[PDB]
Asker: 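Okay, handing you the structure first.
Indexing begins at 1, ligand by ligand and atom by atom, following the structure's order. Computation of the quantities below employed the complete heavy-atom set of this structure, encompassing side-chain atoms and omitting hydrogens, waters and symmetry-equivalent molecules. Lettering of chains follows the sequences in order, A, B, ..., and the numbering in each one begins at 1.
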Amino acid sequence: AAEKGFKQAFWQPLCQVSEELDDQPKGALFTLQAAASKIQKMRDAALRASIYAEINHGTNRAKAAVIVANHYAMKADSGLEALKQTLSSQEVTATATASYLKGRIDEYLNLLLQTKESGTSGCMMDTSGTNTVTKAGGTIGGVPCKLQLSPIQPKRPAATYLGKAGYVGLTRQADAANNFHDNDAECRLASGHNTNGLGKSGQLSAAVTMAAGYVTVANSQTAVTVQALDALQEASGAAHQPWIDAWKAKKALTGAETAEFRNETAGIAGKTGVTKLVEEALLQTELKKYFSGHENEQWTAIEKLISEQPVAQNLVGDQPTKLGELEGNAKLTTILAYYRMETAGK
Amino acid sequence: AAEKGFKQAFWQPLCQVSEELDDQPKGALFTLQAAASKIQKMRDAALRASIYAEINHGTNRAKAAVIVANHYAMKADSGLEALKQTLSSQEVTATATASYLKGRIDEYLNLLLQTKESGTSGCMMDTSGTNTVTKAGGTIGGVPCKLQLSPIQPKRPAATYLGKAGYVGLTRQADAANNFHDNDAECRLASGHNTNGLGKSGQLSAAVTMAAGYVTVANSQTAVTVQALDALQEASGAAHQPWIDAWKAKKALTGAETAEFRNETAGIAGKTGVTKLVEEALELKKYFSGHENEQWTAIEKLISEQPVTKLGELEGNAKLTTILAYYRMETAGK
Ligand SMILES: *[C@@H]1O[C@H](CO)[C@@H](O[C@@H]2O[C@H](CO)[C@@H](O[C@@H]3O[C@H](CO[C@H]4O[C@H](CO)[C@@H](O)[C@H](O)[C@@H]4O)[C@@H](O)[C@H](O)[C@@H]3O)[C@H](O)[C@H]2NC(C)=O)[C@H](O)[C@H]1NC(C)=O
Ligand SMILES: *[C@@H]1O[C@H](CO)[C@@H](O[C@@H]2O[C@H](CO)[C@@H](O[C@@H]3O[C@H](CO)[C@@H](O)[C@H](O)[C@@H]3O)[C@H](O)[C@H]2NC(C)=O)[C@H](O)[C@H]1NC(C)=O
Ligand SMILES: [Ca+2]
Ligand SMILES: [Ca+2]
């Protein structure tokens, strides 16, 4: 009935959203670290190729390794530029809009949770409208709903309750009076009228929106209305703008999956840096001299020779010595510097 | 008087915090981009040094440049590790904690702003408790108070209302009934009692906390209580924990100022990577004519003045990488 406390069908979808927004900072941290990890892997492959060219200086495969090294160095460089120019902004913006929306939702839910008069009458009711619900650990009436920002550790990004089209569980409600409102639980937050709602001497001046514009609370003895947020489009200045902002920011996320962080499958001439390096330093013809071909199969063969190349065993722990079994930028950089010292002495 | 709407002395301090928290994501973006930019500068110096060594391969100056290149390459590598592991965690945490707290505050303020019966009776009152305030643009009753998360662009945040000690404006209130509550504006959010407040058939079961535990609304006919947040201590499980979390996360920020992102003034033997390289590969006087910072900067000058027009005038990682690859090809000629 209008003006009565809210059964679980109303607030559980909000808990689900709040819980998923909690994971957006975790996914931002994951994505920033994943992008850094991919850069480091590119740099490692550049370092292995440069080491191979130092060890085998003066051979056609060494000159092939210089081309490989330059390629992966440029991949590492472009990943860092994309981290600076694009990913940083995307992940900060998703973290901020999601956390801000979660704060707006959680303040509303926390208010509902506390606004009660007994075990059977209050603003936050169970599925049948029988009892008011209580918070125990991170659950409310058995529903995961911490109403707090969890400690932030990296976690893979997931879009379940908030996805490409909007908030999947926040659909249009045709009969709020029976599906959201209980029959008898008293809740002054359910209405702006003064008899059973927020008004004191008289009705509120206007409708009041709550939870960042999700629920509209009339100043009359009528049921609430909710926004349908499951099929969103861009908007400005909406009463529910924080919902749109978080959706837009999450939708923009590309992760560490753009071309800068991905390895290239094209033929050798089409790989980053190859053609220009062959032009400036050496000038299809020049490439078969060093890869014995110009397709990805020959590139893979050079990478295999690079990976199987052992380094001097004094350079590693008492540890494998093949370059493909070594990882870590700083470690491979210091090995390259060792071989550049040897090269200079010659 | 107890159970009346809130004068500006109550909510303007919350606006001031809400506005300042708005810029914490901007500081996170600023710091992350600045860190990346510093890594790129380290890598440029590592590349210039390597190019110098390829051009002059066979001289002790080139051996010095190999040492220099290794140093800056390791600095760039270490900067990426710190960005990945420390700065990203710091700045995401400051962004999340400040934005979350700002949402808690803004929802509460937005509720007060709308809960009114007239131009003179409602939950959000002006300084003298005469008028209910209205929101126009980014101000409420003339107070900066957008109640929105602004578009995120790089910016260094203020530390006026949230600083090292806490929330300076959120001090203990000795007389809320007269300083916070108006004398006659009606506001059911000021109390949990049923006559003038949130209760319907009777008073609410318990006191209600609002604004992430900042304000406690009694279920009796008494004035609100507020938490003093101006001299915080690290705690957990507090009713006002979100305030603690954002204070701690902001206070923990170093910016892109840790050693990984910064050049070193130590003597050459103490610079990153130098001793390990000298030990394995090879004394510093044979290449730098000394072992103090002055001899390091001397070699850096030689590197910067080397024509390719001068290395010191070239910048950009990918550009300098392709130049280095050209001279490595040239070396492979010999
Ligand atoms: C860590 O320290 C490294 C060494 O200081 C930094 O690398 C240096 O970066 C600066 C700025 O990018 C470069 O300085 C440039 O030098 C050129 C050449 O200057 C000379 O020639 C011009 C023109 O004839 C003349 O006007 C000058 O007075 C000089 O006589 C300038 O044109 C540029 O404006 C700029 O000043 C250094 O060359 C470069 N050094 C090395 C060894 O690469 C590094 O960026 C620092 N790291 C961080 C993160 O800041
Ligand atoms: C882009 O592709 C390159 C390969 O062309 C990746 O570098 C490669 O990384 C793998 C795994 O880290 C290395 O594999 C190693 O192979 C040996 C073979 O015996 C095996 O024993 C090792 O346990 C390991 O599996 C491989 O050596 C290395 N290749 C080169 C040339 O360094 C690179 O990581 C890729 N980039 C990204 C972002 O994934
Ligand atoms: Ca019922
Ligand atoms: Ca008054």
Asker: Taking only heavy atoms of B/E300, which atoms of ligand 1 are found under 4.0 Å from at least one of them?
Answerer: 4 (C), 42 (C)

Asker: What about A/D44: any of its N or O atoms under 3.5 Å from an N or O on ligand 2?
Answerer: no

Asker: Ignoring hydrogens, just give me the one of A/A46, A/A49, A/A45 whose non-hydrogen atom is nearest atom 7 (O) of ligand 2.
Answerer: A/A45

Asker: Pairs of nitrogen or oxygen atoms closer than 3.5 Å, one from B/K310 and one from ligand 1: do any exist?
Answerer: yes

Asker: Give a yes/no on ligand 2: does A/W299 have at least one heavy atom closer than 4.0 angstrom to it?
Answerer: no

Asker: Should you measure from each heavy atom of B/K41, which atoms of ligand 1 turn up under 4.0 Å away?
Answerer: 45 (O), 48 (C), 49 (C)

Asker: Anything protein N, O or S sitting under 3.0 Å from the Ca ion (ligand 3): count it and give me the total.
Answerer: 5

Asker: Check ligand 2 against A/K41 and write out every atom of the ligand that is under 4.0 Å from a heavy-atom position of the residue.
Answerer: 34 (O), 37 (C), 38 (C), 39 (O)

Asker: Give a yes-or-no answer on whether the side chains of B/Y72 and B/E300 include a donor-acceptor pair shorter than 3.5 Å.
Answerer: yes

Asker: I'd like to know if the side chain of B/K84 pairs up with that of A/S37 as donor and acceptor (distance under 3.5 Å, no hydrogens or angles considered).
Answerer: yes

Asker: Can B/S50 and A/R340 be counted as having a side-chain donor-acceptor contact under 3.5 angstrom?
Answerer: yes

Asker: Against heavy atoms of B/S304, which atoms of ligand 1 measure under 4.0 Å?
Answerer: 37 (C), 38 (O), 40 (N), 41 (C), 42 (C)

Asker: Is any side-chain heavy atom of A/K322 closer than 4.5 Å to one of A/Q309?
Answerer: no

Asker: Quick one: closest heavy-atom pair of A/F30 and A/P157, and the distance?
Answerer: CD2-CD, 3.7 Å

Asker: Identify which one of B/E260, B/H71, B/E264 satisfies the side-chain hydrogen bond (donor to acceptor under 3.5 Å, both in side chains) criterion when paired with B/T272.
Answerer: B/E264

Asker: State, without any angle test, whether B/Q33 and A/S88 hold a side-chain donor-acceptor pair at a distance under 3.5 Å.
Answerer: no

Asker: Any non-hydrogen atom of B/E305 lying under 4.0 Å from ligand 1?
Answerer: yes

Asker: Looking only at non-hydrogen atoms, which of A/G324, A/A65, A/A34 approaches atom 15 (C) of ligand 2 most closely?
Answerer: A/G324

Asker: Atoms of ligand 2 less than 4.0 Å from A/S307 heavy atoms?
Answerer: 26 (C), 27 (O), 29 (N), 30 (C)

Asker: Using the ring centroid of each side chain, check whether B/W296 and B/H291 are separated by less than 6.0 Å.
Answerer: no

Asker: Does at least one non-hydrogen atom of B/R48 fall below 4.0 angstrom from an atom of ligand 1?
Answerer: yes

Asker: Less than 3.5 Å between some nitrogen or oxygen of A/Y72 and one of ligand 2, yes or no?
Answerer: yes

Asker: Identify the two heavy atoms, one from A/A73 and one from A/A46, that lie closest to each other, and give their separation to 0.1 Å.
Answerer: N-CB, 3.4 Å

Asker: Is the number of heavy atoms from other residues, nucleotides or ligands within 6.0 Å of NZ (A/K135) greater than 12?
Answerer: yes

Asker: Looking only at the side chains, is there a donor atom on one of A/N196 and A/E186 sitting less than 3.5 Å from an acceptor on the other?
Answerer: no

Asker: Do any N/O atoms on A/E303 end up under 3.5 angstrom from N/O atoms on ligand 2?
Answerer: yes

Asker: A side-chain contact here means heavy atoms from C-beta on lying under 4.5 Å apart; do A/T127 and A/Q12 qualify?
Answerer: no

Asker: Does the side chain of A/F10 reach to within under 4.5 Å of the side chain of A/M125, using non-hydrogen atoms?
Answerer: no

